[PDB]
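In each ligand, atom 1 is the first atom listed, and ligand 1 is the first ligand listed. In what follows, chains carry the letters A, B, and so on, assigned in the order in which the sequence lines appear, proteins first and then strands, with residues in each chain numbered from 1. Reckoned from all heavy atoms, side chains included, excluding hydrogens, waters and symmetry mates.
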Amino acid sequence: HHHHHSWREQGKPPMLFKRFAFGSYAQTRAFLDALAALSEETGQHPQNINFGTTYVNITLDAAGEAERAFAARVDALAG
Amino acid sequence: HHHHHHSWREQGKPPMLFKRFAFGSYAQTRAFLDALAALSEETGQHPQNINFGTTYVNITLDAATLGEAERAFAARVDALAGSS
Ligand code: NI
Ligand code: NI
């Protein structure tokens, strides 16, 4: 049990989707920088990232244990 | 090479400008994304949405309009992609 907003599983070949919210552009930008660093280190890239000034939508495609662990590393970065 | 000189597309009910940029590698896409963040901070102008993968970036600009401030932002984004 935790207090993070859940990742939603959807689509025929399943995907994990989550919308992260931030209080300002600077907080969104700082998170996107840490998310880029995470993908660069791991070689694991979400299938899609899209963002505005106060939100980041992330979609992870089925490679599973590894997808859930990457979603947990992203949740840890958000807070 | 990919082509970055195509026109921005005008689309949607309150008009928006839309363009997709494609790159040959993650390094090139990432350099463009980092330069786009610097541009937004320089201008204080932020796209409505930036939507990307490892080899492409889709940008949507909203009406402040649409006027010349939005078109000038679009042209500076083209110059970051190598088109001027
Ligand atoms: Ni052409
Ligand atoms: Ni050519």
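Every residue was checked against the salt bridge (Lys or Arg N to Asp or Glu O under 4.0 Å) condition with A:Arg68, not counting sequence neighbours, and none meets it. Not counting sequence neighbours, the partners of B:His1 by the ring pair (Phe, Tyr, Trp, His ring centres under 6.0 Å) test are B:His3. Among residues two or more places apart in sequence or in another chain, the side-chain hydrogen bond (donor to acceptor under 3.5 Å, both in side chains) test is passed with A:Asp61 by none.
Tested against A:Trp7, the residues A:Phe20, A:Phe70, A:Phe17 include a single ring pair (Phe, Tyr, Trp, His ring centres under 6.0 Å) partner, A:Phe20.
Only protein N, O or S atoms were considered, and those under 2.8 Å from the Ni ion (ligand 2) are B:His1 NE2, B:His3 NE2.
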Taking it one step at a time, do A:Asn48 and A:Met15 satisfy side-chain contact (heavy atoms from CB on, under 4.5 Å)? CA-CA 10 Å; A:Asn48 180 256; A:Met15 288 161 278; over 6 Å; no
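No donor-acceptor distance shorter than 3.5 angstrom exists from the side chain of B:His4 to the backbone of B:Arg20, with no hydrogens or angles considered.
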